[PDB]
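All heavy atoms count here, side chains included; hydrogens, waters and symmetry mates do not. Note on naming: letters A, B, ... go to the chains in the order of the sequence lines (proteins, then strands), and numbering restarts at 1 for each one.
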Number of protein chains: 2
Amino acid sequence: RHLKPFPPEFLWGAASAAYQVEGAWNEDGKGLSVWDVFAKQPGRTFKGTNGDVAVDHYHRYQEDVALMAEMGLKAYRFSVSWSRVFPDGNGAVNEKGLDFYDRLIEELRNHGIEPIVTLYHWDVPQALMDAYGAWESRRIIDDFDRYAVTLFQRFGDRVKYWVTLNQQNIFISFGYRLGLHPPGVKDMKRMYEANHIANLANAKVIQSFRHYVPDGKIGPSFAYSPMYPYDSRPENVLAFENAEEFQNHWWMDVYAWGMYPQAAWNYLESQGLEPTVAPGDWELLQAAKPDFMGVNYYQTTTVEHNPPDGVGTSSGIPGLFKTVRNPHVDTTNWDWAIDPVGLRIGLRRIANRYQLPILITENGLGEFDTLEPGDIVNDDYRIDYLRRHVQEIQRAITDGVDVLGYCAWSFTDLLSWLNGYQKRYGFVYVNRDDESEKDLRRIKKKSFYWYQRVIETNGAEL
Amino acid sequence: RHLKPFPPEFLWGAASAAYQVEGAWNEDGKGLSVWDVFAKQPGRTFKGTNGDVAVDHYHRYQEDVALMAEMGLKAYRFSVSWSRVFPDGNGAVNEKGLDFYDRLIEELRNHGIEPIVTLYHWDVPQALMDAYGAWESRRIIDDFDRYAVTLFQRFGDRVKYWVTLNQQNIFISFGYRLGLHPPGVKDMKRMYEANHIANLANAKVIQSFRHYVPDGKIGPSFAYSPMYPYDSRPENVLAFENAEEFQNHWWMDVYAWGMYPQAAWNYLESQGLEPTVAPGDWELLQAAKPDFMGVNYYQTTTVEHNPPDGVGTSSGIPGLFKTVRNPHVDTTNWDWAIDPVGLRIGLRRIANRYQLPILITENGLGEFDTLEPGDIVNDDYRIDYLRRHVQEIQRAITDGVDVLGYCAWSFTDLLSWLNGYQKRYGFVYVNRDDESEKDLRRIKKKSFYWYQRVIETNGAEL
């Protein structure tokens with residue numbers, strides 16, 4: 001057993017999200033997104049940081065793409081801001097907004113970089129929330145489809161790889177169960193209704209894609225934390241079965257097969273939480289097969305048995321499972337797990353269950369970076385993290401998983417949703433902080449040159 | 001939470017296998033099976049025990065069925081001895097052989113017991129082995145199909161439930177990898193070829209069944225030991241992924257989906273062990289969907305990481321996994337785990353992966369029963385084992401698994417393949433041992449009356 005090489009056209013990539021990078025929040029006719037409004041609620045974000053300017057990629061995209069070309073990136077995954085294209089969500093298309101993405105795509109294409117367009121990264125126009133509650137209304141299905149079709153028509157000739165909803169499980173759960181993200185709701189019944197509507201929207205746009213981009217490849221991207229049982233106690237293995245189905249299959253089985261898993265469905269039904277199903281829903285969900293599963297990966301989760309009066313720090317569902325710290329994985333300086341083998345396990349699970357190729361749409365290390373004199377940022381810790389994950393991807397490929405590419409999170413430093421700028425993810429440091437924009441200058445970190453060498457050798461030198 | 005009741009037509013059953021019970025090995029024109037010949041090789045079986053007489057069910061079937069009716073069995077699962085029906089495997093049908101099964105089916109029906117006919121329990125006629133190597137030749141596909149169709153034509157009007165191959169993973173692995181069962185070969189390449197041919201034979205007969213028994217239900221039965229990781233060490237979870245796929249999905253994915261899992265396939269191909277595929281193979285395997293998955297269950301298996309220089313007591317595959325004792329389950333007197341929750345886990349896994357109904361075709365406890373004065377057998381240990389498993393089945397039904405029935409192994413004591421008679425499995429003790437058949441009298445054990453009560457109450461007291 002020697003390791004297989006990465007395939008010749010492997011998409012070595014890096015990624016961002018529109019609200020986190022663009023700025024220009026009110027320029028060129030752009031409408032308000034739910035995040036523009038949410039982040040301006042006092043106390044919501046660290047030091048009141050928000051996306052008004054972010055790292056100003058909207059104005060600095062030429063420099064950023066030039067840096068991507070210097071690195072030799074094979075692919076750049078970005079999201080399109082719906083509120084730039086339809087400021088009111090529906091209604092009139094904004095040609096200024098589409099023209100930004102056209103210029104970005106042209107810059108990428110002129111440097112030989114594959115664009116990977118992500119339709120949705122959490123920024124539905126505020127006008128749709130006001131009009132009908134956004135993801136809680138079936139009205140969004142057609143509005144999202146009209147938006148996606150517009151993008152397919154404008155860019156399908158130049159963009160082969162598309163992601164639909166990015167981390168639906170996050171925007172739905174954080175928005176409707178934990179109340180951390182818009183709309184700030186804590187209501188499981190509403191969460192599962194909005195989730196079902198998002199599932200229908202995903203399926204509808206994949207159907208549209210088959211018409212407008214017949215040679216393209218499309219898929220949703222799932223924030224995947226593979227579950228582990230704590231030990232071989234039967235009750236803990238059963239907790240693992242419950243958790244993997246409830247947290248992971250609940251989304252990925254719908255994406256791949258168009259069907260919710262039955263044990264989870266029956267539990268939700270027993271709680272009065274299962275979504276409302278309309279005639280035609282199952283037919284639509286089953287008729288929208290993706291070309292790949294997108295995977296956003298940071299860590300695994302370990303679970304154990306949870307008595308019916310137990311946990312609802314540990315989280316879980318009474319009678320089904322609760323989380324427990326895994327003593328067998330490392331942690332970051334923020335006490336989150338580092339588990340590169342877990343990425344191999346997740347890739348293996350997706351191939352084994354769904355036989356789908358996988359695009360890793362997000363993986364990276366957030367850490368304080370120190371800017372040293374001479375514009376030097378020594379981030380060996382980020383190189384170590386990325387190296388270990390890429391090594392495990394190579395082992396998954398050797399096992400037989402079809403991995404289409406790997407998008408490191410992120411290309412440049414970016415604004416986090418709630419925590420400001422100090423925990424940085426980029427290959428490229430952006431000189432700004434939570435207090436001021438400074439000069440917004442871009443500074444290549446050591447990891448930039450490391451990844452440049454990874455790409456040059458197609459992953460042979462890590 | 002309220003447990004669901006066992007469904008109104010739940011098949012409370014018990015089971016046997018032809019070679020293990022019938023005797024009459026050379027009567028009424030029956031041809032030699034591979035087991036008739038194999039068990040007579042010196043040293044092959046304990047004390048030279050063999051199936052010449054076994055417990056003489058061929059002559060005593062009326063008494064045995066009368067005991068089943070006294071117990072109130074809803075179903076009796078038995079296997080048909082191919083060599084009674086086609087003494088040479090192909091060629092001329094033997095009407096006396098069919099007449100035995102006709103009389104057995106009529107006896108069951110007259111007592112209100114549902115027959116569950118198992119086509120194949122390891123006893124291919126020796127003439128097919130002599131002519132072409134039995135399961136190593138594609139010739140067996142049509143010969144097995146002709147045998148199955150004969151049974152469908154004669155009995156399809158009276159038998160709704162059919163099992164095709166019973167525990168293919170055992171007869172193939174023991175016959176061609178471990179050399180413990182006929183033909184006594186130890187050659188992994190030959191094992192995987194014979195296994196592929198058995199897969200095609202299974203699919204072919206299910207296809208034929210659709211033509212001849214339009215209201216029937218058919219499926220294969222898999223000897224399922226669900227795998228557990230030892231703990232939440234990533235390498236042990238990975239070992240579990242490898243083990244569940246290689247040991248379990250390798251068979252059940254072919255049965256349910258008509259496809260071998262890719263990581264296991266690629267491992268075999270790297271060893272030069274993958275089977276030879278002919279045009280039409282995938283089409284046939286994919287077009288023969290079963291109505292249920294049959295499950296033979298005794299215990300789970302716990303696994304841990306196994307370096308490429310490791311185990312090949314513990315067993316495993318270097319670089320994939322190795323077994324390890326599970327400290328969290330009880331054990332039988334033969335180091336078998338007792339893990340009723342593991343049965344719930346296995347049922348949940350089959351429902352979650354394949355959405356198939358499940359017929360539990362075999363589950364039971366083997367122990368050295370003592371015949372006490374007054375013809376009393378106090379087998380409280382067997383009652384305890386069965387009770388715990390039936391309770392876990394009810395929990396699986398409550399979770400949403402469609403369990404069609406439960407066949408306790410076995411109805412009467414029977415001959416084991418290699419280990420004689422002393423480790424007994426029956427509800428009904430048979431007075432014989434390894435040295436002689438004694439008088440073969442049938443004696444109800446305490447567990448007989450326990451299960452009688454379970455059936456009478458439809459499980460409602462457990």
Side-chain angles (χ1 to χ4, degrees), chain A residues 16-65 78-105 107 117-135 140 143-144 146-148 150-151 154-155 166 171 175 181-184 410-421 430-442:
Chain A
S16 68
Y19 175 83
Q20 299 186 265
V21 82
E22 285 179 357
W25 72 285
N26 64 351
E27 295 185 31
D28 293 330
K30 176 180 170 299
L32 290 171
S33 80
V34 292
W35 267 100
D36 287 313
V37 175
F38 194 78
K40 290 179 182 163
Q41 297 178 6
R44 189 64 83 168
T45 66
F46 187 64
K47 294 182 170 179
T49 53
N50 64 41
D52 281 6
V53 175
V55 296
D56 199 32
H57 172 75
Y58 187 87
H59 301 108
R60 303 174 190 253
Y61 71 98
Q62 291 168 108
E63 170 186 17
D64 289 345
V65 175
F78 59 94
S79 78
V80 170
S81 179
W82 186 349
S83 66
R84 285 197 198 282
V85 179
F86 291 91
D88 290 336
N90 50 33
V93 70
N94 178 27
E95 295 293 346
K96 294 274 179 85
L98 284 170
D99 177 75
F100 170 68
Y101 298 105
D102 186 62
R103 291 182 277 114
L104 174 62
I105 287 166
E107 203 72 18
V117 171
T118 307
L119 296 178
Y120 189 70
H121 198 129
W122 310 352
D123 47 359
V124 58
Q126 180 69 39
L128 299 185
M129 183 63 77
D130 293 339
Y132 56 68
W135 294 101
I140 205 169
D143 286 342
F144 187 61
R146 164 181 343 110
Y147 156 67
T150 300
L151 300 182
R154 301 311 181 93
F155 305 127
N166 192 31
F171 83 80
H181 287 185
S410 53
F411 184 66
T412 76
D413 293 341
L414 38 67
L415 166 68
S416 74
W417 301 94
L418 303 174
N419 296 103
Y421 300 89
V430 177
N431 190 42
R432 71 152 299 151
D433 63 18
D434 295 330
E435 263 76 30
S436 121
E437 302 158 10
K438 304 183 183 177
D439 64 354
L440 288 162
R441 81 173 180 277
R442 274 66 168 142

Check this for me: does any side-chain nitrogen of one of A/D56 and A/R432 sit under 4.0 Å from a carboxylate oxygen of the other? no
Quick test of your reading of the model: are A/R442 and A/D64 salt-bridged, counting only N-O distances below 4.0 Å? yes
Could you tell me which non-hydrogen atom of A/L128 sits nearest to which non-hydrogen atom of A/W82, and how far apart they are? CD1-CZ2, 3.5 Å
Indicate the ring-plane relationship of A/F144 and A/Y147, choosing parallel, tilted or perpendicular according to the 30° and 60° boundaries. tilted
Among A/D52, A/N50, A/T45, find the one that has a side-chain hydrogen bond (donor to acceptor under 3.5 Å, both in side chains) with A/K40. A/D52
Determine, stepwise, if the pair A/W135 / A/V124 fulfils side chain to side chain contact (heavy atoms under 4.5 Å, CB included). CA-CA 9 Å; A/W135 294 101; A/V124 58; 4.0 Å; yes
Regarding A/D99 and A/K96, does a basic nitrogen lie under 4.0 Å from an acidic carboxylate oxygen? no
For A/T150 and A/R146 the tightest heavy-atom approach is OG1-O, 2.8 Å
Would you check if A/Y132 and A/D143 make a side-chain contact, meaning some heavy-atom pair closer than 4.5 Å? yes
So CH2 of A/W35 and CG of A/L415: to nearest 0.5 Å the spacing works out to 9.0 Å
Could you check A/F38 against A/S33 for side chain to side chain contact (heavy atoms under 4.5 Å, CB included), going step by step and ending with a plain yes or no? CA-CA 9 Å; A/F38 194 78; A/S33 80; over 6 Å; no
Looking at side-chain heavy atoms only, is the closest gap between A/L151 and A/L98 below 4.5 Å? yes
Can you tell me how far apart CZ (A/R84) and CG (A/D123) are? Round to the nearest 0.5 Å. 9.5 Å
Measure across A/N166 and A/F171 and return the closest heavy-atom pair with its distance rounded to 0.1 Å. O-CD2, 4.2 Å
Tell me, do A/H57 and A/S16 make a side-chain contact under 4.5 Å, heavy atoms counted? no
In terms of heavy-atom contacts, A/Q126 and A/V34 come closest through OE1-CA, 3.4 Å
Scanning both residues in full, the closest heavy-atom pair of A/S410 with A/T412 reads OG-O, 2.7 Å
What is the distance from atom CG of A/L104 to atom OH of A/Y58, rounded to the nearest 0.5 Å? 11.0 Å
Roughly how far, to the nearest 0.5 Å, is the CG atom of A/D434 from the OH atom of A/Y421? 7.5 Å
Can you tell me how far the CD atom of A/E107 sits from the CG atom of A/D102, to the nearest 0.5 Å? 11.5 Å
Using a strict 4.0 Å threshold on nitrogen-to-oxygen distance, state whether A/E95 and A/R154 make a salt bridge. yes
Would you find a donor on one side and an acceptor on the other, under 3.5 Å apart, between the side chain of A/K30 and the backbone of A/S83? no
Measuring from A/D413:CG to A/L440:CG, what's the distance to the nearest 0.5 Å? 11.5 Å
Kindly indicate, with the supporting measurements, whether the criterion side chain to side chain contact (heavy atoms under 4.5 Å, CB included) is fulfilled by A/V85 and A/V93. CA-CA 6 Å; A/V85 179; A/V93 70; 4.1 Å; yes
Please confirm whether A/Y19 and A/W417 have ring centers closer than 6.0 angstrom. yes
A/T118 side chain reached by A/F78 side chain, heavy atoms, under 4.5 Å: no
Closest heavy-atom pair, A/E22 versus A/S79, reported as atoms and distance to 0.1 Å, is OE2-O, 4.0 Å
Specify whether A/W122 and A/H181 have parallel, tilted or perpendicular ring planes, treating 30° as the upper limit for parallel and 60° as the lower limit for perpendicular. tilted
